[PDB]
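What follows draws every value from the coordinates through simple rules; no lab data is involved. In this analysis, Cβ positions are derived from the backbone assuming ideal geometry, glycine residues included, and neighbour counts consider all displayed protein chains.
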Amino acid sequence: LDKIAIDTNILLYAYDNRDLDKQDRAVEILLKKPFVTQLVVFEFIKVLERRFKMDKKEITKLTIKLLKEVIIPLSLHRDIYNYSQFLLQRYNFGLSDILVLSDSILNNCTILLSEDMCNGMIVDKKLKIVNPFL
Amino acid sequence: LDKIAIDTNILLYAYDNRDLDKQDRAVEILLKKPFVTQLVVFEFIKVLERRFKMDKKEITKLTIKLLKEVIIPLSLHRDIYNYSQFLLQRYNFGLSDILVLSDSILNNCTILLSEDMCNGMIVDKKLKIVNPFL
Amino acid sequence: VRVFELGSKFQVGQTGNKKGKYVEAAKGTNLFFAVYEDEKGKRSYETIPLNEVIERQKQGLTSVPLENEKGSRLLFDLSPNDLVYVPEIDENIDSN
Amino acid sequence: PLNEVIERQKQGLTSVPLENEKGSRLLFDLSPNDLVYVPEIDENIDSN
DNA sequence: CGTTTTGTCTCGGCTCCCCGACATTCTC
RNA sequence: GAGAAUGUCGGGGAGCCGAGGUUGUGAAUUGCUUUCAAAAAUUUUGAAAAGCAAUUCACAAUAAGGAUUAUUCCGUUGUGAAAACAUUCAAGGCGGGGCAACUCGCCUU
DNA sequence: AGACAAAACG
Ligand SMILES: [Mg+2]
Ligand SMILES: [Mg+2]
């Protein structure tokens, strides 16, 4: 009834256990097989290897695990850059966030889950950001 | 006769004019319509926005121009992560470089152009790295 | 008397009874003709309807999709009065 | 075909490609003796 | 598939601005 | 060659209105086809439903769409990347016109 | 009347 996507922060909060409630919430999202964008996967890999210094082998294995059983990667859309330029005029965010939103919308995603994106804001009348942890 | 790909450093040396000879060499490569991997594009965008602080609008416009007229983006291959895990056991590089090589090989790329990848090394008997600036 | 025809006519609109109106492309509106090529090297051709071009251009995107359904990357699009070069049968113009 | 599976497993990849020529995403692969559930005609098992 | 054939919205009134070509007289 | 006045013939742009046609909704009447569903001798007659219509009437839309509550509108024109424009565009004052809204002139920056 | 868009014909 509504295609749902996620950002890196959701999977990070899942991976982090300092915050039991937020980790629980993020894992609760993942029980719904939410969609996701490949750029989210790449950014997750980078953050894993930089902040947490985890091994390349372990990070790759977990990426494969999650992409195989829990979540669903979204095929990169060739119209991502043109649309992102279209979104930039009306929207002033980080180009990375703009790219994520561009790909999510181009895949008909109806809800995007993230914190640092001015929650509740509607992007081009096609996708409303939802902040779940509140 | 041999599919040719590029890394971020080639386009960076093109974009940089401090080094006339290296910029010339990199632009010379680009005259051949070399293939490229989307991750190269994203990493190029990041480096442009961080080191050079260029505007989002200008970076997006240049990305669109280059992808339209000079180079050819390579569709992301869904077997990138599994192959990267396969490559990691036999190869010890940065996971980003491993991902770039994985996607290049998965697209039948025969030559990869880059510096910081131990030039001349053959990856799984399918793609030989070429260091052009020497 | 109501005479019928078998063909491809698209609805005028989507609101009210406009869904029930079927029309044909206006004269001189097939302005775009996309040519893709698959990895193998085979060529695929398409004609983009005007409404699709209108929507794509409104979205700030290119008039023609850069890939077809099969995933063949778009070689280029042709429009009336465009100029093309046809290589000789022996010629191999890849990066001429 | 068994051959394609042989190359895919040699490369460290999954036995079945995750996407077909049309780009349709791979729902799953079936093998002999695998068990499947067929929902009722009225049942809508999408995230059951 | 390669080619030719076929069909394609139509009619009425009235007003008020502009421009140019051609003729006539005269002046500079 | 330029200008002013007076006629003729043409061209361009804009505006206030009108009548159909088409598609679709509903109705009155009559049909063709199929199926059910009976009666009768594979064939004939009758009820019901669906598809396709015809004749006539009321109504809805008429470039997809986007504004607005003024008795207002923009959407098939031209330039060209700025997706930006052209096709409305100042201020006063001194008057004419009206049932007044609104309309037509004069004077100085 | 003209020339495009697509049915129609082999
Ligand atoms: Mg981010
Ligand atoms: Mg690198």
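If only one of C:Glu69, C:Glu46, C:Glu24 is without any contact (Cβ under 8 Å) to a residue 60 or more places away in the chain, under 20 Å from the mean Cα position of the chain (by Cα) and within 13 Å of another protein chain (Cβ to nearest Cβ), which one is it?
Criteria check complete, one pass: C:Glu69.
Quick one: count up the residues across the stretch C:1-36 that are within 9 Å of DNA strand G (Cβ to nearest atom) and assigned to a loop (DSSP other than H, G, I, E, B).
Final tally of qualifying residues: 14.
Can you confirm whether A:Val100 is over 23 Å from C:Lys58 (Cβ atoms), hydrophobic (A, V, I, L, M, F, W, C), surrounded by 15 or more Cβ atoms within 10 Å (Cβ to Cβ) and under 14 Å from the mean Cα position of the chain (by Cα)? Before you say what the answer is, go through the steps one by one.
Values: over 23 Å from C:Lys58 (Cβ atoms): no; hydrophobic (A, V, I, L, M, F, W, C): yes; surrounded by 15 or more Cβ atoms within 10 Å (Cβ to Cβ): yes; under 14 Å from the mean Cα position of the chain (by Cα): yes.
Criteria not met by A:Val100.
Tell me the residue from C:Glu39, C:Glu52 that is more than 16 Å from DNA strand G (Cβ to nearest atom) and within 14 Å of another protein chain (Cβ to nearest Cβ), please.
Numbers: C:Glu52 fails: more than 16 Å from DNA strand G (Cβ to nearest atom).
Result: C:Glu39 is the single residue among C:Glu39, C:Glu52 that is more than 16 Å from DNA strand G (Cβ to nearest atom) and within 14 Å of another protein chain (Cβ to nearest Cβ).
Of all residues in the stretch C:37-46 being part of a strand (DSSP E or B) and surrounded by 12 or more Cβ atoms within 10 Å (Cβ to Cβ), which is farthest from ligand 2 (Cβ to nearest atom)?
Looking at residues that are part of a strand (DSSP E or B) and surrounded by 12 or more Cβ atoms within 10 Å (Cβ to Cβ), I get C:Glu46.
Looking only at the stretch C:66-75, decide whether some residue is in a loop (DSSP other than H, G, I, E, B) and either touching a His at 6+ places or on another chain (Cβ under 8 Å) or within 15 Å of RNA strand F (Cβ to nearest atom) (or both).
No, the conditions are met nowhere in the stretch C:66-75.
Sort out which residues of the stretch A:18-37 are touching a residue at least 40 places away in the same chain (Cβ under 8 Å) and within 14 Å of chain B (Cβ to nearest Cβ), and write them in order of number.
A:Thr37
Which residue out of A:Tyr15, A:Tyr91 is farther than 28 Å from C:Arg73 by Cβ, surrounded by fewer than 21 Cβ atoms within 10 Å (Cβ to Cβ), out of contact with any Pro (no Cβ under 7 Å at 6 or more places or on another chain) and within 12 Å of another protein chain (Cβ to nearest Cβ)? Write out each step before concluding.
Numbers: A:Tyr15 fails: within 12 Å of another protein chain (Cβ to nearest Cβ).
Going through A:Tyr15, A:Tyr91 in turn, the sole match is A:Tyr91.
In this structure, is A:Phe35 away from ligand 2 (no atom under 16 Å from the Cβ), in contact with a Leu (Cβ under 9 Å, 6 or more places away or on another chain), farther than 19 Å from B:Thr60 by Cα and among the aromatic types (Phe, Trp, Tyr)?
yes
For the list (1) more than 14 Å from chain D (Cβ to nearest Cβ); (2) among the basic types (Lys, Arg); (3) touching a strand residue (DSSP E or B) at 6+ places or on another chain (Cβ under 6 Å), I need the number of the one condition that B:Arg78 fails.
(1) is the only condition that B:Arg78 fails.
Among the candidates A:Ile59, A:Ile105, which residue alone is hydrophobic (A, V, I, L, M, F, W, C), away from chain C (no Cβ under 14 Å) and more than 16 Å from RNA strand F (Cβ to nearest atom)?
A:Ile59
Is there a residue being within 14 Å of chain A (Cβ to nearest Cβ), of a type in the set (S, T, N, Q) and away from ligand 1 (no atom under 16 Å from the Cβ) anywhere in the stretch C:5-16?
No, the conditions are met nowhere in the stretch C:5-16.
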